[PDB]
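Let's start with one chain on its own, the form deposited in one PDB entry, as structure tokens.
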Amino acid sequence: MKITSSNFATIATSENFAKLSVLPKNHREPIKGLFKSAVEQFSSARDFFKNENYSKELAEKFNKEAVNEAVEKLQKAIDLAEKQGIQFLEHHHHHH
């Protein structure tokens, strides 16, 4: 699947994370690492908005670049995982 800034949060779920548990430790730990790293970086990308010493311009720029790096990392983990036959869950709007 294609990770974007819009759909990140709806794909990087504990469910999709739990699917990684079938890979051998050799392949599983680095993928779990990229996944949890992207998620930590994504969920922190807006924190400069609340930092009073940062301008709105810089906080918006940083937010944008942190998200794009987290998206890149999640794409890397998903792509590594799909080559091993893992199929992640899409977001089905009518289920929420």
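All residue numbers refer to positions in the sequence shown, first residue = 1. Only residues modelled in both forms are compared. Whichever C-alpha set is largest while still superposing within 1.5 Å between the two forms counts as the rigid core.
Beyond what is shown, the protein has a form deposited in another entry; the following relates to that form.
With the core held fixed between this form and the one not shown, residue 16 has its Cα displaced by under 2 Å.
With the core superposed, residue 48 shows a C-alpha displacement of at least 2 Å between this form and the one not shown. If you fit the rigid core between this form and the one not shown, you'll see the Cα of residue 29 move by less than 2 angstroms.
Note: the CA-CA distance for residue 43 and residue 52 contracts in the other form relative to this form, by 3 angstroms or more.
In the other form, the CA atoms of residue 45 and residue 52 come closer by at least 3 angstroms compared with the shown structure. Regions where at least three consecutive shared residues each shift by 2 Å or more at the C-alpha between this form and the one not shown, after core superposition, reduce to one span, 46-88.
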